[PDB]
Amino acid sequence: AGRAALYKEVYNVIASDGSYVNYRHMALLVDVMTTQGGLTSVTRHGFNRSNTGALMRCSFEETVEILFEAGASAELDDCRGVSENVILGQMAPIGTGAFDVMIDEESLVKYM
Amino acid sequence: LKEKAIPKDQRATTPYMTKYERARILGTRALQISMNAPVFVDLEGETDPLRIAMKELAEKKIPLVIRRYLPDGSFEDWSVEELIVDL
Amino acid sequence: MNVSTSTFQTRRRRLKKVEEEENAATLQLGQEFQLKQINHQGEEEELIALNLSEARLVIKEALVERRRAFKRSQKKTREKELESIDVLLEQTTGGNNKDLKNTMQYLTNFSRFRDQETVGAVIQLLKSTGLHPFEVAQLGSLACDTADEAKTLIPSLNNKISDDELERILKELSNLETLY
Amino acid sequence: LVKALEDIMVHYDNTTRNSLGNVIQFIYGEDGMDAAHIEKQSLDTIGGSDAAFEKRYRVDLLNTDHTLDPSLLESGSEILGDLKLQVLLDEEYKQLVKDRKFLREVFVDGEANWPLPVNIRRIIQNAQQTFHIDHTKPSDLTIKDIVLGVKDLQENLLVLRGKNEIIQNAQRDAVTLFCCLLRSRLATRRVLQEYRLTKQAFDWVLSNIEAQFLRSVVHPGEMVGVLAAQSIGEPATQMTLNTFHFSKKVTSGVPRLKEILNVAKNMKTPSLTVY
Amino acid sequence: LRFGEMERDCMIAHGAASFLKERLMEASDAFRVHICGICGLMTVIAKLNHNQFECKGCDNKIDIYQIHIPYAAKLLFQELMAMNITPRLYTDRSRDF
Amino acid sequence: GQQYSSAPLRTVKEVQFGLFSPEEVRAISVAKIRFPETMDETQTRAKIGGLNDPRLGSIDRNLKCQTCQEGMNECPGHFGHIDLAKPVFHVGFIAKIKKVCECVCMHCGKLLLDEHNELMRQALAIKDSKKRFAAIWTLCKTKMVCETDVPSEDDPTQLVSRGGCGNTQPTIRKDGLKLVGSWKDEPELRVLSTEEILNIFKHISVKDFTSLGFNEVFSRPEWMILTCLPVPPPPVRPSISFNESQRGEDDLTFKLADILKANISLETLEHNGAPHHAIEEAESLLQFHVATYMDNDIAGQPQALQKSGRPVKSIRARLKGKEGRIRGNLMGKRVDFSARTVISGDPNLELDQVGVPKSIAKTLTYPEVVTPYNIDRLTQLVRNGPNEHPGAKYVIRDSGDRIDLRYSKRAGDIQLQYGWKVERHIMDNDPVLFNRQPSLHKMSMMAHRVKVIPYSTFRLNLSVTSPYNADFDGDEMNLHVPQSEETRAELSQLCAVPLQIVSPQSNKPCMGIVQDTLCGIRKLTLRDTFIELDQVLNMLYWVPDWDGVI
Amino acid sequence: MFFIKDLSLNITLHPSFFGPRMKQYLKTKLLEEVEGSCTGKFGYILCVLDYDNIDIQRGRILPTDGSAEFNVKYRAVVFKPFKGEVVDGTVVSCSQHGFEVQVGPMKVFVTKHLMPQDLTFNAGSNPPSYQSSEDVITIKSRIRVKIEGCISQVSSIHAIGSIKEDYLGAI
Amino acid sequence: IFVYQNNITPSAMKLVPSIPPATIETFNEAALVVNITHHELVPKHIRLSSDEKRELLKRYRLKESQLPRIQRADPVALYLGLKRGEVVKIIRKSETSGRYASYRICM
Ligand SMILES: [Mg+2]
Ligand SMILES: [Zn+2]
Ligand SMILES: [Zn+2]
Ligand SMILES: [Zn+2]
């Protein structure tokens, strides 16, 4: 019911200026700020102090401070955040990168 | 593990092709055509690798297979031939 | 170093030191040559070792099957064995592989049991011994007389078998010994 | 906004997750539809007098002044008194009524104009043009042709595919609102009296709804984290504010949004609204 | 010209995975280094032409991989190292999902 | 890299963060850094066997690397080391080093609070790596005695010995870069030696520190204190060596030389006639320099100023966002195949087009592979030269060697071969990414069709003025050119203007008819508004998809 | 010894070979890269077994270039010598320092000092030999050597061995 | 369940976990005046059996972590007497679909 009030406020900030944003957009941000049972702030303190990647988090606000603890607590970055691949110069698992492509020798020999 | 592969029977993903899959198969095939790979379609005076790949795709003579991975790592292999292109 | 060959044994080597041990016939072969091996079907398979005699029949057979496959796609006794194996190699090998010609000439000049029939019966005899695959191989590869000749050259054995028992096996082996 | 949402995507399981694989939404936007394929449409069964609902939706083949006149459909003459068919139109209206009660549970104020995925108004419009429909000659549709045809369309509107109760009961929920609109705009009285559809026209309308719906669903790989972030962040930049230059004077816009995201404890304008 | 963080946001929004990589690597600082399959650092003495690769203080002359990363990432890794931090890079997964 | 490497090509699937065990730093090191000098020893203006030195990498465009003998483009650099005269706290851990001391007995290396305590069982239970260390510390900080005996779980009357000494524990406070304790007439006050802090950490049980935030293999508490200081190779601290006589070493080279100078003072001082209360002066200086090399923007302390009065760029400062490695060099980058000019409105351009000025199209290129389809046309672009509009700038042979068509003596008789690439001019209808910063939209960057035109401006269709947010009030825009037949497909099949027409932001379209056209459309569509034939016929001709039916 | 191991080489194929004789080209490039080849981990990969049933698996198309990477699972006959492994072989070379014995693909060297004292070098013989009161070891003689230890190199595995112990010597 | 008027002494509070398997709940009489569950914004929460939960994680390929969480102290979690681990299914109305079902794991 806290989620409900949150969306309501976020909507009324957007709808004050008259402008229209489709439900889902504000709904997501509200849903994100909430799934972790309570009010998770969109700050250096909130989402950036999550269990997400080390490199991912360092890509905003605390940086060197994030990477210092990274070594001292022996963290293992999964490398599945967008950021990590952007840093590693790899194709991120985003849209065109969310799936893999394979050649089936079978279907290939079938065509020729 | 190779429990990672989900079998043909029991497959939940869209029987339709994602906007991203199309763009990537088209690109992948264009790039391959472009670097003198064998062309499976009759290029009817065609010369642009993307157009040749779009010709390949319309005829469904593209020998590629999409490995659609799930949040846990398990995947469903779908073929370019078997994917509906409503787009 | 280069685009080399992997195996079915799973490396867990994360940072940990190169703590690797010695290789002696105290049957401490590699980690890569352990008794409890893993086949391409993911199942635990026991290590495969070959007596020169057995090994020659393997390469000769696989090279014969390759000739067959090469001629399929193409469409759309002692020193005379040495002459012939060199013809099969001229066909199925890359030439650059001098190692195989060197190997096929060695195996052909050092096989204890020539024909298939024999090798299988040798294998059948040494099967029962329950001995490690490397000891079983060495016994088929190396010709011995005294149980001591054997237990000295294959120190791995030692207590693993009776003197008389291994001496009976050795007598059975000399009988099976092909007359080239 | 963008750095807090980067990693949120729609996965091949139609679920909304992040770089941990932690679920945010269970189907993107509680409907599993791509925002781009949506338009505001009105839910006709929501508003109006119960009297006007009756007039617009009730077919009664058992009353001489409440059946469909043979001017509407070929069977009109023989359709009167069919008890077995009236069982269909009874179960049809009984569900149409159920729809109205439900919609009023959801949209409490009686707001009918909601953004949904298939512009049904245009599909019927285009049918009339496509087939040069004459609003004079009686239809070739049967009462089963409509009632049972619209029932069978609903089964092919898939968001989630999955052979289990959890996923199937999730599918049912995703298409809950859209189907209300379907039953509303494809009721027997309407399809025969309003749009004077043929068998051809109707079956075409149906195929088009099915195929047009299937288009409208989200695409696994849809990077909705950034989408949503920018879709709040860019309209935020086009804001004048603070709250005019003078009911209550609550701090709004850019400063109020700063207040929201920070999850600020000491807020500028705390107020209760007691009913 | 600049392909800034914001310019990246939009590309992620578009789901243009390949174009983003291209912009970030091939169009600016793509680089090839040598990883140690054991210690996961750019410690490998890579005398390529002689086909010699070695991670002394690992005796690794076998477990060597080549990777393509931005030079800035390489730099960043050497920068984190200068502050006694080990950003070990591994080409295989351990944990799974 | 740029040369063929036998080595397998893999992708980074995991980043394992750890700390350097001094031991590793020695093994990994190619040079023991010994002299705070750069070179010019025995006269010769060439690298000294001390700092820089070929053992690490080349300063000159030499070919010699003396470790991999590979050359500057190829060679990443090789790490060195300085064995430190006394241990120093790693500036970035100083507080966590303090908090670990606040957790453990400063006499036997035992985790001050045992599993015998119920609240400790609750903290120790925490599966989370850091929240565990946080809960453990809040409980252990208020414990000031190491228990020899403690009340059992069975009965509190008959106490059970849990091992460990019975020493009192100090109240620890941070004084700059040092740690001071306060044991208990009158409390006892003494500073805590790095050496001592290190010994306690060495004596911390594997089970104990793994129960704290740490890891047996990659992150042991003892490694938070430095004894072997790794020396980054020249490419981390580039000698921007201008002219033959002059040099120009990097800030980091000075800070390291500063650390090295400080180390030798201390090394000689302790070995020779040690006044002991002067050894603790040179020790604090080495502790300063090593801390201040990693972080100069330290909490309430003097900024380690450079000769000039300049503060000295710390390594922290380098990666600190907006412009540091992360935000400015990795999440963002300056890029090749990019253009930017003043934008001008055009009514005669199709929606999804972009008027590229000839000069810009003659600068930006595309690697087309020589294939039977294009071989015929590509030779004519190569022929045309890099100065005619539909021309080419470079021909790149399979042999990975670039042909500069502007100078090559063979520029006129190049006989193309399949496989080779022709880096040809951008021509009409090549897909390109057009952009107007600030990029707060999917829409702020769209794929357009090139239309090579004269005059120095980017011409764009007016109805696309709206999603870019562009005015012609002196406004400028970016253009990016994809180089793969794959990234062209990305642009064309996902981000083209026609696709972006209907925005998912508001489930409505983000482009419509604007200004002159909007004003004129009202005027045209009126009862009063009628058109004589002469003009009706011209108006019909202007619509390109006209059926030819009056 | 002489093992049969379950191994798997990874090959990258350029789009030009994405034709019908692909498995044909792929199986060959395996044999090119793997046959003859000597490692350390496995030693000499001499002959690839079961050519008809070589597991090619699906080929992942690489991202920026069109090339596809396949894991070619296979089985082969390997020679990995060891310390203690007593081997039969024929002499190849002979000098003042000792004689070298050829065993399958690899050479084993016997030091003058890893031989019985009664055996001694003879420069004045064509070809040079090692003579004992009883037997004479020369350029073509068959010897039974106990491999004392190995040295793995690029494309080779060399080894030092002794004929000093009992039941070891000329055959 | 204990419905206390103003306060429970910390000495009495020691006895709450003291008798497992039996679980004791502490509720302030003053808080219970209004049923929060009844409010406009509060949706319907449904406790899931060990089986109902197992099935959910199995059907969505989830780890207990990946699930959206609810605090043990949550007004609705106290109301339903949710213990840690217990999953709640929440059914709310939606402006996009008619109904939508979310799930929240306890903490
Ligand atoms: Mg302006
Ligand atoms: Zn290493
Ligand atoms: Zn070097
Ligand atoms: Zn103690």
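Read the figures in this text as sums done on the coordinates, not as results from a lab. Positions of Cβ are backbone-derived with ideal geometry, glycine not excepted, and every protein chain shown enters the neighbour counts.
This table checks each residue for (1) under 30 Å from F:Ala274 (Cα atoms); (2) surrounded by 21 or more Cβ atoms within 10 Å (Cβ to Cβ); (3) within 16 Å of ligand 2 (Cβ to nearest atom).
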| position | (1), (2), (3) |
| --- | --- |
| F:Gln3 | no, no, no |
| F:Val15 | no, yes, yes |
| F:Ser21 | yes, no, yes |
| F:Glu41 | no, no, no |
| F:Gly50 | yes, no, no |
| F:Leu63 | no, no, no |
| F:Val88 | yes, yes, no |
| F:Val91 | yes, yes, no |
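Which one of D:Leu62, D:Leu73, D:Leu68 is over 30 Å from E:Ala17 (Cβ atoms), surrounded by 22 or more Cβ atoms within 10 Å (Cβ to Cβ) and out of contact with any strand residue (DSSP E or B) (no Cβ under 6 Å at 6 or more places or on another chain)? The match here is D:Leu68. Name the one entry in F:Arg173, F:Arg220 that is within 14 Å of another protein chain (Cβ to nearest Cβ) and basic (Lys, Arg). Exactly one residue qualifies, and that residue is F:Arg220.
The listed residues are E:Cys10, E:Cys39, E:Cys58, and the only one of them that is in a loop (DSSP other than H, G, I, E, B) and farther than 24 Å from A:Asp78 by Cβ turns out to be E:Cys58. If you filter segment C:54-72 down to residues that are among the aliphatic types (A, V, I, L, M) and either closer than 22 Å to G:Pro81 by Cα or at the interface with chain G (Cβ under 7 Å from one of its Cβ atoms) (or both), you find that the one that is surrounded by the most Cβ atoms within 10 Å (Cβ to Cβ) is C:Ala55. The helices (runs of 4 or more DSSP H) located wholly in chain A that include 1 or more residues which are among the charged types (D, E, K, R) and over 17 Å from the mean Cα position of the chain (by Cα) occupy A:2-14, A:64-72, A:105-111.
Scanning segment F:53-100 for residues that are under 20 Å from F:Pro36 (Cβ atoms) and out of contact with any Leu (no Cβ under 9 Å at 6 or more places or on another chain) turns up F:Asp53, F:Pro54, F:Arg55, F:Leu56, F:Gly57, F:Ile59.
Please indicate, with yes or no, whether at least one residue in segment D:100-107 is of a type outside the set (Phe, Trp, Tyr) and within 14 Å of chain A (Cβ to nearest Cβ). Among the residues of segment D:100-107, at least one is of a type outside the set (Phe, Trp, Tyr) and within 14 Å of chain A (Cβ to nearest Cβ), which makes the answer yes. Considering segment C:116-173, the qualifying helices (runs of 4 or more DSSP H), each wholly inside and each with 3 or more residues that are surrounded by fewer than 19 Cβ atoms within 10 Å (Cβ to Cβ) and within 14 Å of chain G (Cβ to nearest Cβ), run over C:147-153.
The selection criterion, being within 13 Å of ligand 4 (Cβ to nearest atom), farther than 30 Å from F:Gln301 by Cβ and exposed (fewer than 15 other Cβ atoms within 10 Å of the Cβ), holds for F:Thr168.
Taking the criterion of being within 23 Å of the chain's Cα centre (by Cα) and within 14 Å of chain A (Cβ to nearest Cβ), the residues of segment F:48-102 that qualify are F:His90, F:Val91, F:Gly92, F:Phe93.
In the condition set (1) within 22 Å of the chain's Cα centre (by Cα); (2) over 27 Å from C:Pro155 (Cβ atoms); (3) surrounded by 17 or more Cβ atoms within 10 Å (Cβ to Cβ), C:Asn51 is compliant with all but (2).
Residue-level analysis places F:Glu102 among those that are within 16 Å of ligand 4 (Cβ to nearest atom) and of a type outside the set (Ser, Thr, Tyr). Listed here are the strands (runs of 3 or more DSSP E) enclosed by segment G:70-149 that have at least 1 residues being more than 23 Å from C:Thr152 (Cα to Cα) and either among the small types (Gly, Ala, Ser) or within 21 Å of the chain's Cα centre (by Cα) (or both): G:86-95, G:98-103, G:106-111, G:129-131. The criterion of being within 13 Å of chain E (Cβ to nearest Cβ), among the basic types (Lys, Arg) and either away from ligand 3 (no atom under 16 Å from the Cβ) or in a helix (DSSP H, G or I) (or both) holds for F:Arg26.
Only a single item in (1) of a type outside the set (A, V, I, L, M); (2) within 14 Å of chain E (Cβ to nearest Cβ); (3) farther than 23 Å from F:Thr292 by Cα; (4) assigned to a loop (DSSP other than H, G, I, E, B) is not met by F:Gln16, and it is number (4).
A:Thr52 satisfies every condition listed in (1) of a type in the set (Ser, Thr, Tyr); (2) more than 7 Å from chain D (Cβ to nearest Cβ); (3) over 21 Å from H:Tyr103 (Cβ atoms) except (2).
One residue stands out among those in segment F:183-195 that are more than 16 Å from ligand 4 (Cβ to nearest atom) and surrounded by 14 or more Cβ atoms within 10 Å (Cβ to Cβ): the one that is farthest from the other protein chains (Cβ to nearest Cβ), which is F:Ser193. If you go through segment E:21-45 and pick out every residue that is away from ligand 2 (no atom under 13 Å from the Cβ) and touching a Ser or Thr at 6+ places or on another chain (Cβ under 9 Å), you end up with 7.
One line per residue, one yes/no per condition, for (1) more than 16 Å from ligand 4 (Cβ to nearest atom); (2) surrounded by 24 or more Cβ atoms within 10 Å (Cβ to Cβ); (3) within 7 Å of chain F (Cβ to nearest Cβ); (4) farther than 15 Å from E:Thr91 by Cα:
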| residue | (1), (2), (3), (4) |
| --- | --- |
| E:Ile35 | yes, yes, no, no |
| E:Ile45 | yes, no, yes, yes |
| E:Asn49 | yes, no, no, yes |
| E:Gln52 | yes, no, no, yes |
| E:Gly57 | yes, no, yes, yes |
| E:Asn60 | yes, no, no, yes |
| E:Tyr65 | yes, no, yes, no |
| E:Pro70 | yes, no, yes, yes |
| E:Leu75 | yes, no, yes, yes |
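Considering only residues in segment F:449-478 that are β-branched (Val, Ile, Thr) and more than 22 Å from D:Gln238 (Cβ to Cβ), the one that is farthest from ligand 4 (Cβ to nearest atom) turns out to be F:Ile453. Look through segment F:23-38, keep the residues that are buried (at least 19 other Cβ atoms within 10 Å of the Cβ) and of a type in the set (A, V, I, L, M), and return whichever of them is farthest from ligand 2 (Cβ to nearest atom). Across segment F:23-38, the extreme among qualifying residues is F:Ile33.
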